[PDB]
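Inspection log for the structure reproduced underneath, given as structure tokens.
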Amino acid sequence: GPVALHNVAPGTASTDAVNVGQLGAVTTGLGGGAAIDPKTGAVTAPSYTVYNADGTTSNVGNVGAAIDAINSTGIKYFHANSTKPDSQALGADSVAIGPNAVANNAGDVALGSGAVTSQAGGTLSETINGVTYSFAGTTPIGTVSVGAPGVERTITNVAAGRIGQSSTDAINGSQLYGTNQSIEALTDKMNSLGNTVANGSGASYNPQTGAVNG
Amino acid sequence: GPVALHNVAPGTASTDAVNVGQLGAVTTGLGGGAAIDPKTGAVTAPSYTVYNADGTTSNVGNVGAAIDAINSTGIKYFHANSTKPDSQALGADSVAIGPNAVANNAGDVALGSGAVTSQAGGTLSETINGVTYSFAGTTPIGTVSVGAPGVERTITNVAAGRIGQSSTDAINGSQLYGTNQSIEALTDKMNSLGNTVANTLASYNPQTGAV
Amino acid sequence: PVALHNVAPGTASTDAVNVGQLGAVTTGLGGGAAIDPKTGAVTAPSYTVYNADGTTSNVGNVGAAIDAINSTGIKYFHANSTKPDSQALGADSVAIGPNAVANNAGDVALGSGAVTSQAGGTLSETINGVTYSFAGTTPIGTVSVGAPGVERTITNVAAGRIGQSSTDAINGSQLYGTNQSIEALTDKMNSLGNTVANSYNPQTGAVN
Ligand SMILES: [Mg+2]
Ligand SMILES: [Mg+2]
Ligand SMILES: [Mg+2]
Ligand SMILES: [Mg+2]
Ligand SMILES: [Mg+2]
Ligand SMILES: [Mg+2]
Ligand SMILES: [Mg+2]
């Protein structure tokens, strides 16, 4: 049967033999517990822990498998559950996250499956009853898209934002609701004004049009 | 004591000796500067650069350590600073980011520590003074959650969005502020109406609108 | 020039190594790394990494793969940049994209140059002397999508629930309907003013 060769110095020339001290240094480079057994000379495979998308982990026995898992199931704290095509971060300094996500322009962020960006443009103001109200944050560096036309996403668990001239905070539904209520509250007062003014001689007020008939 | 064995051809059978040439090719496979010293035979470890979450990097000397860093401190441009449990992307094609984040449904996104999604639902319109105003983006494919009930997040540094019937842009507080101002300005105008109307007749009540 | 046969696996550090032992190391590399059973030639590993432009590349060593991961990214998570790293400085914070900084516990910074500051709550608004209370008034952190002077729009946002307890984001079509309702009411008030005047000043509301 085969016999071990003893008393072999480290090889230097390319046609020199290699000893266990040399191979062991390379197995140490793999890490993950890879090692040479001192009794049998058997080589233990490395064991690398990778993180699945369902709250579990797996161990794999070679580097390629670990890289392939990183490029499919993700890394700890950053998971996409998909087999669909890769995201594309095409714009300079853009970020694209999730299957089929596409960040097209500089500084853009695409967040979510099938989220796609278009070039951001600023909105300076709104005009209501001929009065123009100016906005904060009117020269966007780019956009964060959370979807695409017909496949938009809601954004949920958003804390109420500041309301004021300089606010660049997002606004939630409880905030628009208060505003809506105030409009109807004002309307009730207007209908009062209309009716009390009507009171006369057959005179009337029509809330449908606001017109007093007298 | 030990002597080097020379003039060894590449091994082919499992019980053949290997030479330095063969070991060096495997060593090249590690990369990161791993090598065999052509004079002493000493093996240089690989050195891999990994990215911490604090603006610094570290170097590690084996592949396992690099994978563990990737799965703890993260990768360049994608960092979570945590030791709490992993995120979970449970929905098909979902994305979950940060400790304890959970994306529960198809196409959902969970963004942030403890961010949890619930199934998305559409909102078609609002009714004000008996008139119905229809919305854009009424059929959501999923939701982006940035928190959970009682542990919500503000969203900050949001540029003003388009305001129009087809707009699916988010709005910021300066935009709602303008609208709120228009309501009070309209109210000043109405108060003037009530008062000037009273004068032609008498008193006007701003509390109820009555003349 | 000549091969040594019938070598058993080495155990002590000064023992010779055989192909079976070296083969286990190539096997640990994966990616097709191998020793040719005919010639003894070593095949490099081949690892697929994912670029930021919808392409992939193959690299021939583990260092090159780690460097790709730390530059062009991983499948489904790409930043296209050569700028400095993001920094997640707060406990349990997340920072994504070049120069992004999450400064506080539980913060998220999302995008190139996105920076957070400590979140604060907003409780209510007061309109015509009436105070309206809000939902989600005690935030545990913020998601910043930019910084002062370099804000980001947020786009393709589905319409949010409108109601007292709603913590959904609102889109522009929703504020638009509300603005329309204001001008509709104003039309009615202008009719009120004109008909009562039968001058009516629509700019001030005054009837003379
Ligand atoms: Mg896990
Ligand atoms: Mg490196
Ligand atoms: Mg960092
Ligand atoms: Mg760094
Ligand atoms: Mg907010
Ligand atoms: Mg659009
Ligand atoms: Mg990759």
Side-chain angles (χ1 to χ4, degrees), chain A residues 1-31 34-46 62, chain B residues 1-46 61-63, chain C residues 1-29 32-45 60-62:
Chain A
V3 60
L5 288 179
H6 307 290
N7 215 30
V8 175
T12 53
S14 63
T15 55
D16 293 346
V18 169
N19 70 18
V20 169
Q22 289 177 300
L23 181 67
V26 178
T27 69
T28 295
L30 285 171
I36 306 173
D37 189 273
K39 283 169 300 180
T40 72
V43 178
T44 57
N62 66 86
Chain B
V3 64
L5 288 179
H6 304 293
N7 303 287
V8 179
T12 56
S14 73
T15 47
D16 295 340
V18 293
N19 62 25
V20 166
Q22 289 177 296
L23 178 67
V26 179
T27 307
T28 291
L30 287 174
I36 308 174
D37 194 294
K39 199 23 154 56
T40 69
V43 180
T44 293
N62 66 86
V63 179
Chain C
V2 64
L4 300 177
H5 303 287
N6 211 31
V7 175
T11 53
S13 69
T14 58
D15 286 347
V17 170
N18 74 22
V19 171
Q21 294 178 289
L22 186 60
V25 179
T26 53
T27 292
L29 282 173
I35 310 169
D36 190 279
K38 168 65 133 272
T39 70
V42 180
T43 297
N61 70 79
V62 180

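For the numbers below, each heavy atom of this structure counts, side chains included, while hydrogens, waters and symmetry mates do not. Just so it is clear: chains get the letters A, B, ... in the order the sequence lines come, proteins before strands, and each one is counted from 1.
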Residues at least two apart in sequence or cross-chain that pass side chain to side chain contact (heavy atoms under 4.5 Å, CB included) with B:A45, listed by chain then number, are none

Nearest atoms (heavy-atom pairs only) where A:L5 meets A:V8
O-CG2, 3.9 Å

By side chain to side chain contact (heavy atoms under 4.5 Å, CB included), which residues pair with B:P38, not counting sequence neighbours?
none

According to the side-chain hydrogen bond (donor to acceptor under 3.5 Å, both in side chains) rule, which pairs have a member within residues 32-45 of chain B, sequence neighbours left out?
none

Between CG on residue C:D15 and CG on residue A:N7, distance to nearest 0.5 Å:
9.0 Å

Who pairs with B:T15 by side chain to side chain donor-acceptor pair (under 3.5 Å), at least two apart in sequence or on another chain?
none

N/O donor to acceptor pairs below 3.5 angstrom from side-chain atoms of residues 19-28 of chain C, sequence neighbours left out:
unit_1, atom_1, unit_2, atom_2, d
C:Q21, OE1, C:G10, N, 3.0
C:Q21, OE1, C:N18, N, 3.0
C:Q21, NE2, A:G41, O, 2.9
C:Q21, NE2, C:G10, O, 3.0
C:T26, OG1, C:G23, O, 2.7
C:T27, OG1, C:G23, O, 2.9

Testing the basics here: between B:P2 and A:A9, what is the closest heavy-atom pair and its distance to 0.1 Å?
CB-N, 3.7 Å

Hey, what do you get for CG (C:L29) to CG (A:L30), rounding to the nearest 0.5 Å?
5.5 Å

Check side chain to side chain donor-acceptor pair (under 3.5 Å) between A:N62 and all other residues, then give those that pass, not counting sequence neighbours.
none

C:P9 versus A:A4, closest heavy-atom pair with distance:
O-CB, 4.4 Å

